[PDB]
Protein chains: 2
Amino acid sequence: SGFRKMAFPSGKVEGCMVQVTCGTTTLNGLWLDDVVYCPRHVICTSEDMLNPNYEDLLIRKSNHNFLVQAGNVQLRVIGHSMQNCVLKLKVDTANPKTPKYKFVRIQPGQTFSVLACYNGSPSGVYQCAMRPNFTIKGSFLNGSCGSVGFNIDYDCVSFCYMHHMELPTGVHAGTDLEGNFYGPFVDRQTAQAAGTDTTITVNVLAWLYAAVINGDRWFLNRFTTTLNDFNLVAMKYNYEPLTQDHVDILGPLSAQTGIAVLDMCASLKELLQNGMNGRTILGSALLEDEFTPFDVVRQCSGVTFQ
Amino acid sequence: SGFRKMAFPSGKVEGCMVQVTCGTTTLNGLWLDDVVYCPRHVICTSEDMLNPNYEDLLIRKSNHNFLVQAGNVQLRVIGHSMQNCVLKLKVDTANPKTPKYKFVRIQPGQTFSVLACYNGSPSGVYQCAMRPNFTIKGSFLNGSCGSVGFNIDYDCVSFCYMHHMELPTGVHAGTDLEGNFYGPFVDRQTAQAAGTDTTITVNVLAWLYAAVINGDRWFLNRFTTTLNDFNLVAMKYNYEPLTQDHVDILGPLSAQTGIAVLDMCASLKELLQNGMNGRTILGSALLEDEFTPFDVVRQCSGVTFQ
Ligand SMILES: O=C(c1cc(=O)[nH]c(=O)[nH]1)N1CCN(c2ccc(Cl)c(Cl)c2)CC1
Ligand SMILES: O=C(c1cc(=O)[nH]c(=O)[nH]1)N1CCN(c2ccc(Cl)c(Cl)c2)CC1
């Protein structure tokens, strides 16, 4: 038993991280096959940041302007191209450690592991969720651009995020691996603001189920409610509305514990209106929303990867 | 910026995990050089558990009774010996992925990363602390015995824990890599109880400093206190007393923020006596004690490993 904010083993990704330098700027890159992916803002200087024209900036660059380092080994950049907000540097050597992978663009509410890097060197790994406002609450210091977020399905590493910048409020914004930003953000150093964030209802529910699985039942009751009655209350507290798709997804957890989704919703309804009264659930004094129903199953059933 | 419960990259450890089978029992093992380490309780059966005589049990075993699997490859056990509570299986092949490592026995209050495994396959990684009562609040399911805890210093993996069992209260107990249990526990399936747990004062302080570094200052005040006056209060709330060694260790963080340790202690004193009043620090409604002063520096300064 037990319940921790578990990240995926980072081994397969560690071998793909490299250092990319362009002029005075150095950040991280992702080496898969013979291509290195990194944020395109690596080609900007102090003056270009406020409002860069990446097309002009890139055309004024030659392959030799890009220094790519894989530990001690230097990679030769034999070509370069831009795909949206990421730069793709063709190198002469194919990464022999390239795992089976794919690129996926995730939806808000989904979670993934982040491998924070600096100078192409992995510093740590942590779990987090894509907030409804398309930002993530990460932990990044100067030099972390290029760090990636991923998930693991059996033997395939699914990359879903590349780190680009930090917003004034301290939250982070980035893109998928095809260079499309998550959210209404652009890679310019202009002051940008994220929309208002909401709580991920379906995740809080999955977490209450984990609590029940781990012996914490104090918040349960005999009542029930309807999807309509619940949503009315949820919206008053900045919670995402709950859909029928959410209800089905929570099925496996409902079966395992024998508590119907709508029953659990009525308990959540009470928690929102009456607070926790100095009580805790799974060691927390707040309702947690960064665990998806799948994360709960995984940790309460023990699924492994190859 | 940002502050997350960061674990170390697990890559170097992933390559050392193997599956160990003895009869009907299968658990995880750690393969370093030509030796595989695993809990010695892998040689017990249903009847031996209540009160096993490991000496007799081991002498009745032959090398061929131990099946060691490294993925698809089977390892030949050419010898075996017992060192306290761990079994050491000499194999014919030396792990080519053996990293630079060492074994260290940690003190309560220190943190480390746990790589949870099942059938020799890494499932996830998470950070945790050795509680003052010699248990850890982990997340382990059946088949997790043999999973290890470690830290990373530059390029050296320091192993400090091997998972052995779960206590009735849901917390976990294990040994160092030399087989000595942490705490007054023994590898028998008899009902055992951990002593009362206390809060790690020095860690809560390091965490308040992280909060200050991240813009959360609401809990600060102008007051100060003396180590003596603080401890008097701390003990009334089940907090470890604070020593002068703790004060010096917190030095780097004090300098960086410009807030004296004893000033921070007076703020903590207030928090214990007046509660947080529905406020949060770094996203938490409770005082967190699983971040050491070193973990805070690392994450608020960005140290990497090779
Ligand atoms: O390394 C960090 C960083 C990342 C982070 O998450 N937190 C933090 O403190 N620093 N930066 C800040 C963003 N910068 C940047 C340069 C040009 C453009 Cl055009 C844009 Cl959009 C951004 C690169 C360096
Ligand atoms: O795999 C788990 C396990 C670990 C955990 O942390 N949580 C959980 O639910 N299961 N076990 C429980 C402990 N068991 C055991 C056998 C013989 C002896 Cl002599 C002792 Cl001491 C222990 C081995 C299998």
Side-chain angles (χ1 to χ4, degrees), chain A residues 1-7 111 126-129 137 199-200 203-220 253 257 264 267-268 271 275-292 295-296 298-300, chain B residues 3-7 108-109 111-114 116 124-141 149 166-173 194-201 203-204 206-208 210-211 237-240 271-272 275-276 278-292 295:
Chain A
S1 56
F3 204 70
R4 282 283 183 169
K5 216 144 200 179
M6 196 167 294
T111 56
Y126 62 80
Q127 189 81 354
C128 68
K137 297 166 143 168
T199 306
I200 312 166
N203 290 354
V204 175
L205 291 171
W207 179 76
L208 293 175
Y209 273 116
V212 167
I213 288 177
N214 279 274
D216 259 308
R217 309 172 65 90
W218 71 259
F219 53 84
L220 299 170
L253 287 176
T257 58
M264 191 66 86
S267 295
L268 174 61
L271 287 175
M276 300 177 60
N277 314 163
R279 279 145 147 172
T280 66
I281 297 168
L282 287 174
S284 181
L286 293 173
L287 299 170
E288 172 74 63
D289 74 340
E290 301 202 339
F291 293 96
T292 68
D295 295 326
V296 176
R298 187 168 71 247
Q299 189 172 178
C300 298
Chain B
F3 204 70
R4 282 283 183 169
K5 216 144 200 179
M6 196 167 294
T111 56
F112 59 95
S113 290
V114 171
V125 58
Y126 62 80
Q127 189 81 354
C128 68
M130 173 63 64
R131 308 304 308 175
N133 69 359
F134 299 101
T135 62
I136 65 178
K137 297 166 143 168
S139 167
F140 291 117
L141 301 176
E166 174 171 312
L167 300 167
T169 51
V171 299
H172 306 97
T196 53
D197 203 31
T198 56
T199 306
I200 312 166
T201 306
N203 290 354
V204 175
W207 179 76
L208 293 175
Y237 295 87
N238 275 313
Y239 268 53
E240 285 286 307
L271 287 175
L272 290 183
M276 300 177 60
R279 279 145 147 172
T280 66
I281 297 168
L282 287 174
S284 181
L286 293 173
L287 299 170
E288 172 74 63
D289 74 340
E290 301 202 339
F291 293 96
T292 68
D295 295 326

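Chain naming here is simple, since letters A, B, ... match the order of the sequence lines and numbering starts at 1 in each. Only heavy atoms go into these numbers, but all of them, side chains included; no hydrogens, no water, no symmetry mates.
- Residue B/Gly195 comes nearest to B/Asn133 through the heavy atom pair O-ND2, 3.0 Å, listed as atom of the first residue, atom of the second, then distance.
- Heavy atoms only, all atoms of each residue included: A/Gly2 and A/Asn214 are closest at N-OD1, 3.0 Å.
- For the atom pair B/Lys137 NZ and B/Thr169 OG1, the distance stands at 10.0 Å (nearest 0.5 Å).
- Residues A/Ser267 and A/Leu220 share a closest heavy-atom pair of OG-CA, 3.5 Å.
- Residues B/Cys128 and B/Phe112 form a side-chain contact, since some pair of their non-hydrogen atoms from C-beta on lies under 4.5 Å apart.
- Two residues are said to be in side-chain contact when any heavy atoms from C-beta on lie closer than 4.5 Å; B/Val171 and B/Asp197 fail this criterion.
- Every side chain to side chain contact (heavy atoms under 4.5 Å, CB included) that B/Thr292 has, sequence neighbours left out, goes to B/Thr111, B/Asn203, B/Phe294, B/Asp295.
- In this structure, the separation between NZ on A/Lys5 and OH on A/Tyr126 is 12.0 Å, given to the nearest 0.5 Å.
- With rounding to the nearest 0.5 Å, the separation of CG in B/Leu167 from CD1 in B/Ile136 is 10.5 Å.
- One finds the OG1 atom of A/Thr199 at 10.0 Å from the CG atom of A/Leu268 (value rounded to the nearest 0.5 Å).
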Check step by step if side-chain contact (heavy atoms from CB on, under 4.5 Å) holds for B/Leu271 and B/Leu208.
CA-CA 11 Å; B/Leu271 287 175; B/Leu208 293 175; 4.2 Å; yes
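- Listed by chain and number, the residues in a side chain to side chain contact (heavy atoms under 4.5 Å, CB included) with B/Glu166 are A/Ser1, B/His172 (sequence neighbours excluded).
- The two residues B/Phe140 and B/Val114 have their closest heavy-atom pair at CZ-CG1, 3.6 Å.
- Closest approach of B/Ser139 to A/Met6, counting heavy atoms only: OG-CE, 3.7 Å.
- In terms of heavy-atom proximity, B/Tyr239 sits nearest to B/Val204 at CE2-CG2, 4.2 Å.
- Here CH2 of B/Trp207 is found 10.0 Å from CG of B/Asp289. Values are rounded to the nearest 0.5 Å.
- With sequence neighbours excluded, the residues forming a side chain to side chain contact (heavy atoms under 4.5 Å, CB included) with A/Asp216 are A/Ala211, A/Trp218, A/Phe219, listed by chain and number.
- The shortest distance between side-chain heavy atoms of A/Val212 and A/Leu253 does not fall below 4.5 Å.
- Legend: residues meeting side chain to side chain contact (heavy atoms under 4.5 Å, CB included) with B/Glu240, ordered by chain and number and at least two apart, are B/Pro132, B/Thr198, B/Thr201.
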Can you give each donor-acceptor pair under 3.5 Å made by side-chain atoms of residues 276-284 of chain A, sequence neighbours left out, with the distance rounded to 0.1 Å?
unit_1	atom_1	unit_2	atom_2	d
A/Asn277	ND2	A/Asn274	O	2.8
A/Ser284	OG	A/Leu286	N	3.2
A/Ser284	OG	A/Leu286	O	3.1

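- Residues passing the side-chain hydrogen bond (donor to acceptor under 3.5 Å, both in side chains) test with A/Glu290 are A/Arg131, B/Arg4, sequence neighbours excluded.
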